[PDB]
Amino acid sequence: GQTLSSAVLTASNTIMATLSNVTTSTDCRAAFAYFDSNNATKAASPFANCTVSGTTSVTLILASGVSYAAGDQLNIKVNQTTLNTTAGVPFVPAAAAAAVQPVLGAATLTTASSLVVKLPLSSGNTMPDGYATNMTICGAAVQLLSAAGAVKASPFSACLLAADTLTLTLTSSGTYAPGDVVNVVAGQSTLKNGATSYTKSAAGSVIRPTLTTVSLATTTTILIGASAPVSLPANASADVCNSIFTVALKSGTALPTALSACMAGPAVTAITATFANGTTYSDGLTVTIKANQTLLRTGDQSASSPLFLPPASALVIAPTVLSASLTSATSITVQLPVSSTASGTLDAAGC
């Protein structure tokens, strides 16, 4: 609390400070002042609330009407008595104000070979020209690390950036794995944040798989395709299954009970559960993981492994056909589940 540097800026309205000594402080709100590198003053009381957020960290949530700027600086204010080290020393104003610097936003693996990452700040992000085709440019922005910390040898191929969104596409050789993490490398000169740059974060972001497609496995069951190897509780109970996949009628009314049992699929990245849509049983059914899901995990059922994030919106259970049977020497008849429609001419070329 006399001279320190670091911090993690996670969103457009929240900061956190990293310090040397552990603390049990309850309040920090009125213990900081805001300037910039240009020396134009900012929020006198930048923060509305504080709580302990780590071994030594103090979270500092910005109040309304405040947005980040390059080289933002935060310094301890006068006569602050709530924040203290466990040694009994309250913070005093520092000779050099700490610099607020960013850290990447959330991440999710929408497709088995695409990684999408949001960013803490939605403007100013720029990179050296050639990032769209140079692995020396895109690949130097973020490091991909196993659970043990073994960085991967350029599993990426390209980077795509626009406003607050960023995207890194894997490769066939660089096949994805469960339980991996992504974090920035120290001093990387590629990714900027306006008139600033991005610096490695405290813990990184653990990648989570998700859902991609759904269909009818049998006449009364449904297959579910996943972007990573799946795992479910052994011989799970019906209640467990009903607490994961929220299932809604065509217009959006919920279905309290849809599944009787849930278990793995033909492949390690597939699942099969009871009931079906086929536009029977609802005529429009859709599936989606619940917001606060608990039990659908990848790699294993361990607590550390990532969860399956819910998709962007509910997936539509994709229908199939029932059977075909020869009747005459010039005709086959095919049963289709419940009514259907035709969108065009049924000429020989069309069929």
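For the structure itself, consult the block above.
Undergrad: Any details on the sheet that holds strand β18 (residues 245-248)? Residues and values, ideally.
TA: Pairing between the strands of a sheet is mediated by backbone hydrogen bonds and can be parallel or antiparallel. The antiparallel open sheet is built from three strands, whose spatial order is β18-β21-β23. Strands at the two margins of the open sheet, each flanked by one partner only, are β18 and β23 (315-316). When strand β21 (residues 286-289) meets β23, the two strands line up antiparallel, connected through two bridges. Paired with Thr286 across the bridge in β23 is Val316.

Undergrad: How would you explain a nonpolar patch on the surface if you had to name every residue and give the values?
TA: Taken together, the side chains of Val321, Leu326, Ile332, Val334 and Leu336 present a nonpolar region at the surface, about 490 Å² in accessible area. What makes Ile332 exposed here is its relative accessible area of 55%.

Undergrad: For the state of the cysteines, give the residues involved together with the corresponding values.
TA: Here a disulfide denotes one covalent bond, and it connects the sulfur atoms of two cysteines. By the definition in use, this model includes three disulfides. Here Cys28 is linked by a disulfide to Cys50, with a sulfur-sulfur distance of 2.0 Å. Judged by the torsion about the S-S bond (-45 degrees), the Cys28/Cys50 disulfide is left-handed. With a gap of 22 residues between them, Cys28 in the loop between β2 (14-17) and β3 (33-35) and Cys50 in the loop between β4 (47-49) and β5 (58-62) connect regions that are remote in the sequence. The pair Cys28 / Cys50 is uniform in exposure class, with both members buried. One disulfide in the model links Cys138 with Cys159; its S-S distance is 2.0 Å. Taking the sign of the torsion about the S-S bond as the criterion, the disulfide between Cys138 and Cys159, at about 65 degrees, is right-handed. On the criterion of sequence distance, the pair formed by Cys138 in the loop between β9 (114-118) and β10 (142-145) and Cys159 in strand β11 (residues 158-162) is long-range, its members being 21 residues apart.

Undergrad: For unusual backbone geometry, give the residues involved together with the corresponding values.
TA: Unusually for a residue other than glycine, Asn235 sits at a positive phi of about 45 degrees. Here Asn235 shows up in the loop between β17 (230-231) and α1 (238-242). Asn235 sits in the exposed class, given a relative accessible area of 80%. Look at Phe275: it is not a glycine, yet its phi comes out positive at around 60 degrees.

Undergrad: Outline the environment of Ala234, supporting the account with residue identities and numerical values.
TA: Its location among the elements puts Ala234 in the loop between β17 and α1. For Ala234, a relative accessible area of 71% translates into the label exposed. Taking the C-alpha atoms as reference points, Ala234 and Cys262, 28 residues apart in sequence, are found 9.5 Å from one another.

Undergrad: Explain the pattern of salt bridges to me, and be specific about the residues and the numbers.
TA: Taken as a whole and assessed by the stated rule, the structure comprises four salt bridges. As a salt-bridge pair, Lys42 and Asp72 come within 3.3 Å of each other at their nearest N and O atoms. Note that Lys42 is positioned in the loop between β3 and β4 and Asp72 in the loop between β5 and β6 (73-75), a separation of 30 residues in sequence. The exposure class assigned to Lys42 is partly exposed, which follows from its relative accessible area of 22%. Between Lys152 and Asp180 there is a salt bridge; the shortest N-O distance is 2.9 Å. Here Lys152, found in the loop between β10 and β11, pairs with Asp180, found in the loop between β12 (165-169) and β13 (181-184); they are 28 residues apart in sequence, far enough to count as distant. Take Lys152: its relative accessible area is 27%, and that puts it in the partly exposed class. Assessed through its relative accessible area of 4%, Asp180 is described here as buried.

Reading the values: rules and limits
Residues numbered from 1 in each chain as written, not as in the entry; some residues may be left out. Part of a larger assembly, values for the part shown. Heavy atoms only, no water. Pairing = 2+ DSSP bridges. Helix = DSSP H or I, 4+ residues; strand = E, 2+ residues; numbered from the N terminus. Patch = residues over 30% accessible without salt bridge, like charges linked within 9 Å, V, L, I, M, F, W, Y side chains within 5 Å. Areas by Shrake-Rupley, 256 points an atom, 1.4 Å probe, with all protein chains shown as cover. Salt bridge = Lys/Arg side-chain N within 4 Å of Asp/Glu carboxyl O. Buried < 20%, exposed > 50% of the residue type's maximum accessible area, 1.4 Å probe, protein only. Disulfide = S-S within 2.5 Å.

So, to be careful, I would describe these as geometric facts and stop short of saying anything about function.
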